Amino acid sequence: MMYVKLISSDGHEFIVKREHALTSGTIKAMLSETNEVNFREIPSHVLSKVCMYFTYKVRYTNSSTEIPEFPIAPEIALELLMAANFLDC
């Protein structure tokens, strides 16, 4: 498959499938011409949760099957929100 790379502010590089990342129009526009995207304001403990949300959304969109909750630990709840607010995820 086709993979792209998302780099956090603290240097962590997450490699995710292109189709999974293209659910977000923000990442889709950030790609266009590139397979590498750098997020200088999103730390790894947040961007990892973002990639997890990518997988969760691709798996559970359009399911009669019981959809589980997406877990958010309190310690990241603020920063993730800000990240989400900046990416419209």
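Just so we're on the same page, rigid core means the largest C-alpha set that superposes within 1.5 Å between forms. Don't overthink the numbering: it's just position in the shown sequence, from 1.
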Compare 36-44 with 22-30 and report which one shows the larger root mean square C-alpha deviation from this form in 7 other deposited structures of this protein once the rigid core is superposed. 22-30
Unmodelled deposited residues flanked by residue 32 on one side and residue 33 on the other: 4 to 9
Mean C-alpha B-factor higher for 57-65, or for 42-50? 57-65
Using the B-factors in the PDB entry, rank residue 7's C-alpha atom against the chain and give the third, lowest, middle or highest. lowest
Sorting the chain's CA B-factors, does residue 71 end up in the lowest, middle or highest third? lowest
Tell me, lowest, middle or highest third: where does the Cα B factor of residue 15 rank within its chain? lowest
Taking the entry's C-alpha B-factors for this chain, is residue 80 in the lowest, middle or highest third? lowest
